[PDB]
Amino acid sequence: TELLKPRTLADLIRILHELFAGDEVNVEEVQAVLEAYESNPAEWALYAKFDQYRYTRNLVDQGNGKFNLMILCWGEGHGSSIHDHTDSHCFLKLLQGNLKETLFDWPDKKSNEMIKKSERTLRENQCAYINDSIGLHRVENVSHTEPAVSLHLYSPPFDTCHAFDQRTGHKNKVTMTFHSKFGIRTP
């Protein structure tokens, strides 16, 4: 359980394999290691594949089935929907640029406008954690000038979740997809 500073992305991935070797997750240790990694753009350029119209998810590592490590690429003004995480852990670290996280409570069955518990401005190398026990959230790149890049870890992996309309609180089932896997573009 000796946590060391990841010196490279590859080194980080090797450490993460160790932390997820078991059946349980020490959230604070996983988070400390993600934060300790200093983003080196050359190490992840292979995965940072952008799309003009919306943010992309780019698979980096399947964590031997225990988690998915992915890189998300956000153009100017690109955001996600209000999402849940399908009963899994969800770590977020900024690699480049800024993202705004907005937290939302689980809604009632009564159609009502969802209200923002809070929000925070995530900056380079910072890390956020969320799970359904905590609540829901939206992630956005509100910048007009700088693309954003983040590293995400989900455990267990999930390819389906729910999106929430902020006006009613109504949820609909969504399937996630990858823009690339292992640096390979996948239609």
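In this text, residue numbers run from 1 along the sequence as written.
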Between 177-185 and 1-9, which has the higher average C-alpha B-factor in the PDB entry? 1-9
Avg C-alpha B-factor, entry values, 139-147 vs 116-124, higher side is 116-124
Go through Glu43, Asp61, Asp51, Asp159 one by one and give the residue whose Cα B-factor in the PDB entry is largest. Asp159
Tell me which of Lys109, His78, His85, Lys93 tops the list for C-alpha B factor in the record. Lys109
Grab the CA temperature factor for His17 from the record and place it in the lowest, middle or highest third of its chain. middle
Classify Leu153 as lowest, middle or highest third according to the C-alpha B-factor given in the PDB entry, relative to its own chain. lowest
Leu34 CA temperature factor, ranked by third within the chain: lowest
Going by what the PDB entry lists, where does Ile134 fall on CA B-factor within its chain: lowest, middle or highest third? highest
